[PDB]
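Architecture and fold: a report
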Amino acid sequence: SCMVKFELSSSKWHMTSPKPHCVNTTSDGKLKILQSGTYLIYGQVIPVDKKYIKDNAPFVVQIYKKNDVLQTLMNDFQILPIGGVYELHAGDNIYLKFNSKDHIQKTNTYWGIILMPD
Amino acid sequence: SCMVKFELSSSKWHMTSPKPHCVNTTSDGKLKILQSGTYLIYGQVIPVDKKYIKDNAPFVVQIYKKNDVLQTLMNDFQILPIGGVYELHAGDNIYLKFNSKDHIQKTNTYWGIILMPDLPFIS
Amino acid sequence: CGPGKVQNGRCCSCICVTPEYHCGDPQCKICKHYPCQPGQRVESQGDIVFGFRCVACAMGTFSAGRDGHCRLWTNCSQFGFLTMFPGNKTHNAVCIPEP
Amino acid sequence: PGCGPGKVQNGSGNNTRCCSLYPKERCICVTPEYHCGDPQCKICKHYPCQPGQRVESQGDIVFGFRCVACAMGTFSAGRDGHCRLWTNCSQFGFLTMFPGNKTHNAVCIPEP
Ligand SMILES: *[C@@H]1O[C@H](CO[C@@H]2O[C@@H](C)[C@@H](O)[C@@H](O)[C@@H]2O)[C@@H](O[C@@H]2O[C@H](CO)[C@@H](O)[C@H](O)[C@H]2NC(C)=O)[C@H](O)[C@H]1NC(C)=O
Ligand SMILES: *[C@@H]1O[C@H](CO[C@@H]2O[C@@H](C)[C@@H](O)[C@@H](O)[C@@H]2O)[C@@H](O)[C@H](O)[C@H]1NC(C)=O
């Protein structure tokens, strides 16, 4: 198996092995794919309550491949699940992009990836 | 490695074994948890194009446990990923409920679960 | 039944009791707001969370307020009265006695 | 489509109405009350911002908009939402009959 989980409140990953054969993890929540194959991105982006937002900006989240937008997500400042089944290859960078970092609540905001069996 | 994947385009499952030891899948797209532990609900709900909507209903998708509303998801008819990490017990029923069946597109629509291993080593 | 209250079974017997407010749930768990100008009517289009419309009142029905549910016309002939005004989709029939 | 609220992006490599290089490449949403809603001007959104204030962008992926007053030395007389500098009368040899406020331009008069 090969699976990771990034806890944003602690900026630490939770891995199945200290040296995963599928991805290389960074300290800022980014991923480099080491083995080509089918993968499953997952996670939940928890925004801070709308009553606390000052900058009137849309709550937008993007999942980035190397330079391609895998998906663009937005809603009205609610629990935002991300991910999906994507066919990735070796050498791909996986990272997230937020419309404004103020919108994101650190506590219980996580994301990761898992290698896909058939 | 208990993992299942339901394809709503053909209403058929994609399982690892002929019978998963953790869940018992139904042909309509529901599940029944048979083993306590951690699971990963996932899936993408592809809504029909916003110009094809005649009944101007919100695009609300909800995942349900036995009787507890697990999560409520809604947006202005865009790609809607679902799921998340949730601790589950044996006997829990997992099924989706939608706001209007006219919104869900059959193509590219899928959802399932995976049995979660423990993730001991932290960086 | 609460836009400013709770459900007090003015309540279920569920109807959202305040003008311009109709239920936004198949179980009336919450009461949303929707004006629907007199003569129109509120159409619900949700199975989880309700969407609201404003469809006009069919002939024979009327709505002279922002409630959003058409009321039937007052039939004067059923009471032995004569109709001083038959009525349109925004006003009711006005009856008067016979001399 | 960085210059179309009713059109396309027609690169202003000559002054007509669009993007032009200088930021390095620089697109302007050409219709009043419409300013760009993207770091690449991929789409043009609508925001009135009544005269006297400019539009503040607050997004890194999709833009949010505010109405903040023009700074000292700038003016805006319409609902566009971008403040322009005061006309410097002394540059052309003119005199300020009226120096200008945040909603009206300066009034230059020649030397009598
Ligand atoms: C900003 O200035 C305007 C205009 O000032 C007057 O008119 C100028 C053209 C110039 O001749 C100045 O010396 C004058 O003091 C103020 O008033 C508006 O003036 C216009 C005439 O152009 C008139 O049509 C409007 O009704 C006036 N509006 C108001 C509200 O008085 C205006 O008050 C100034 N605004 C601020 C915020 O300072
Ligand atoms: C609908 O009817 C409205 C009401 O008309 C006025 O009030 C009624 C009760 C009578 O007293 C009548 O004599 C008054 O004129 C009208 O104002 C309105 O124009 C009508 N609209 C249509 C479309 O018929």
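Residues numbered from 1 in each chain as written, not as in the entry; some residues may be left out. Chains lettered and ligands numbered in written order. Heavy atoms only, no water.

Method information in the entry identifies X-ray crystallography as the source of the structure, with 3.302 Å recorded as the resolution.

1. Looking at the overall build of chain B
Within chain B, the regular secondary structure consists of 0 helices and 11 strands. In chain B, the succession of α and β elements from N to C terminus is β-β-β-β-β-β-β-β-β-β-β. Computed over C-alpha atoms, the radius of gyration of chain B comes to 15 Å, within 12% of the 14 Å expected from 2.2 N^0.38 for 123 residues, which places it in the range of a compact globule. Overall size of chain B, expressed as C-alpha extent along the three principal axes, is 45 × 35 × 30 Å. By residue count, 51% of the 123 residues in chain B fall in the buried class. (Helix = DSSP H or I, 4+ residues; strand = E, 2+ residues; numbered from the N terminus. Rg over C-alpha atoms; globule rule 2.2 N^0.38 Å. Buried < 20%, exposed > 50% of the residue type's maximum accessible area, 1.4 Å probe, protein only.)

2. Details of the UniProt feature "disulfide bond" in chain B
Residues and elements named next belong to chain B. A separation of 2.0 Å between the sulfurs of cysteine 2 and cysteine 22 falls under 2.5 Å, matching the UniProt disulfide annotation for this pair. Pair noted here: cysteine 2 is in the segment before β1 (3-7) and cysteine 22 is in the loop between β2 (12-15) and β3 (31-32), with a separation of 20 residues, a long-range link. We note that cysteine 2, like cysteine 22, is buried. (Disulfide = S-S within 2.5 Å. UniProt positions renumbered as here; feature names shortened; annotations may be inferred.)

3. A word on the packing of aromatic side chains
Residue and element names in this part refer to chain A. In total, this model carries 16 aromatic pairs over all chains according to the counting rule given. Ring geometry for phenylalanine 98 and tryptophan 111: centres 6.1 Å apart, planes at 55°, overall tilted. Pair noted here: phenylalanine 98 is in strand β9 (residues 93-98) and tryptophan 111 is in strand β10 (residues 110-115), with a separation of 13 residues, a long-range link. With a relative accessible area of 7%, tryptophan 111 lands in the buried category. Joined through ring pairs, the aromatic side chains of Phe6, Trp13, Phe98 and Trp111 make up one cluster. (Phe/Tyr/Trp six-rings, centres within 6.5 Å; stacked < 30°, edge-to-face > 60°.)

4. Here's the deal with the environment of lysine 106 of chain B
Residue and element names in this part refer to chain B. Mapped onto the elements of the fold, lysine 106 is located in the loop between β9 (93-98) and β10 (110-115). A C-alpha to C-alpha distance of 28 Å links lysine 106 and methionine 116, two positions 10 residues apart in sequence. Once residues lying within four places of it in the same chain are set aside, the contact partners of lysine 106 are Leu8 and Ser9. (Contact = heavy atoms within 4.5 Å.)

5. Overview of the sheet that holds β10 of chain A
An order of β8(A)-β5(A)-β10(A)-β1(A)-β2(A)-β11(B) is seen for the 6 strands of this open sheet, with the pairing classed as antiparallel. Edge positions in the sheet fall to β8 (80-88) of chain A together with β11 (121-122) of chain B, since each has one partner strand and no second. In this structure, strand β5 (residues 37-45) of chain A lies alongside β8 of chain A, joined through 9 bridges in antiparallel fashion. Across the sheet, the residue bridging to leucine 40 of chain A is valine 85 of chain A, located in β8 of chain A. (Pairing = 2+ DSSP bridges.)

6. Concerning the site of ligand 1
Residue and element names in this part refer to chain D. Taken together, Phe98, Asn101, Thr103 and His104 form the complete shell of residues around ligand 1. Contacts to ligand 1 include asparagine 101, whose side-chain N or O atom sits 2.4 Å from an oxygen atom. In isolation ligand 1 offers 710 Å² of accessible surface; the protein chains occlude 28% of this area. Counted by class, the shell around ligand 1 contains 1 nonpolar, 3 polar and no charged residues. (Near = heavy atom within 4 Å. Polar contact = N/O pair within 3.5 Å; in protein donor to acceptor, adjacent residues only side chain to side chain. Areas by Shrake-Rupley, 256 points an atom, 1.4 Å probe, with all protein chains shown as cover. Nonpolar A, V, L, I, M, F, W, Y, C, P; charged D, E, K, R; others polar.)

7. Considering the arrangement of the chains
Across the 3 pairs of chains that are in contact, the largest number of contacts falls between chains A and B. Nowhere do chain A and chain C come into contact; their C-alpha atoms are at least 15 Å apart.

8. A word on the sheet that holds strand β3 (residues 23-25) of chain A
All names here are of chain A. Taken in spatial order, the 5 strands of this open sheet run β3-β4-β9-β6-β7, and their pairing is antiparallel. Edge strands, defined here as strands with exactly one partner in the open sheet, are β3 and β7 (69-75). With strand direction ignored, the average angle separating the axes of adjacent strands in the sheet is 20°. Alignment of strand β4 (residues 31-33) against β9, held across 2 bridges, turns out to be antiparallel. The partner of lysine 32 across the bridge, within β9, is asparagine 93. (Axes fitted to C-alpha atoms, helices over the stretch in contact; angles between N-to-C directions.)

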